[PDB]
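The number in the deposited numbering is simply the position in the sequence shown, starting from 1, with 1 added.
Backbone N, C-alpha and C define an ideal beta-carbon position, used for all residues, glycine too.
Only one structure is covered here, and it is reproduced in the block below.
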Amino acid sequence: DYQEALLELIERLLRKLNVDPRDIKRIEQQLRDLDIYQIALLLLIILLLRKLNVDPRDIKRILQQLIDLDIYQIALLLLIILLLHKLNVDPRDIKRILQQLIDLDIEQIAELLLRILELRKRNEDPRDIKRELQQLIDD
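The following block contains the structure:
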């Protein structure tokens, strides 16, 4: 069962992040209702936040918000935060940006990702890409 295997990796990561076991149980229960694409993408986002040294309680809170999104939203968010890390955006800023993106609808997120990619292709400076993304989010 590939879903169960992926769920066990998530449970292991949450334990290594000192997430309260009571919260792990409630999270695991919610994850068991998602499809395998959502579960795998959520695993990746956890791995990325862990790589950025995001505080465990913040990872837990962010995960709980992401569990309510569909595969398309979760995937596009992963790509955005991967690009922001590549551009050396401070993890504290990536965290705050991710919290804002979660409330946006899928069309806006897809448009933002395209915009970031367009600007990268145009050789725009990392700080300019961050500032423009932050401005488009506030809009």
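Applying the criterion that 16 or more other CB atoms from any shown protein chain within 10 Å of the CB defines a buried residue, is residue 101 buried or exposed?
With a threshold of 16 other beta carbon atoms within 10 Å, residue 101 falls short and is exposed.
To the nearest angstrom, how far is the alpha carbon of residue 135 from that of residue 129?
Residue 135 and residue 129: Cα-Cα distance of roughly 10 Å.
Measure the C-alpha to C-alpha separation of residue 5 and residue 42 and round it to an integer number of angstroms.
Our two residues, residue 5 and residue 42, have alpha carbons roughly 14 Å apart in a direct line.
Give me the Cβ distance between residue 99 and residue 68, rounded to the nearest whole Å; I'm assuming they're in contact under 8 Å.
At roughly 14 Å, the Cβ-Cβ gap does not stay under 8 Å, so residue 99 and residue 68 are not in contact.
Would you identify the three-state DSSP class for residue 103, choosing helix, strand or coil?
DSSP places residue 103 outside both helix and strand once states are collapsed to three, so it counts as coil.
Give the range of the alpha helix (DSSP H) segment to which residue 1 is assigned.
Missing from the structure shown is residue 1; the chain here goes from 2 to 140 and no further.
Distance between beta carbons of residue 137 and residue 116, contact taken as under 8 Å:
Between residue 137 and residue 116 the Cβ distance is about 7 Å, and since that is below 8 Å, they are a contact.
What do you get for residue 81, buried or exposed, if any count of 16 or more other CB atoms within 10 angstroms of its CB means buried?
Burial call: buried.
Would you grab the beta carbon distance between residue 14 and residue 47 for me? Rounded to a whole angstrom, and I think it's under 8 Å.
Residue 47 and residue 14 do touch by the CB rule: their CB atoms are close to 5 Å apart, below 8 Å.
Along the alpha helix (DSSP H) that carries residue 59, what are the first and last residues, could you check?
Taken as a continuous stretch (DSSP letters only), the alpha helix (DSSP H) holding residue 59 covers 57-67.
Between residue 31 and residue 109, what straight-line distance do the alpha-carbon atoms span, to the nearest angstrom?
Roughly 26 Å between the two C-alpha positions.
Pull up the CB-CB distance for residue 95 and residue 35, whole angstroms please, since I reckon it's below 8 Å.
Contact between residue 95 and residue 35 is absent: CB atoms are separated by about 24 Å, not below the 8 Å threshold.
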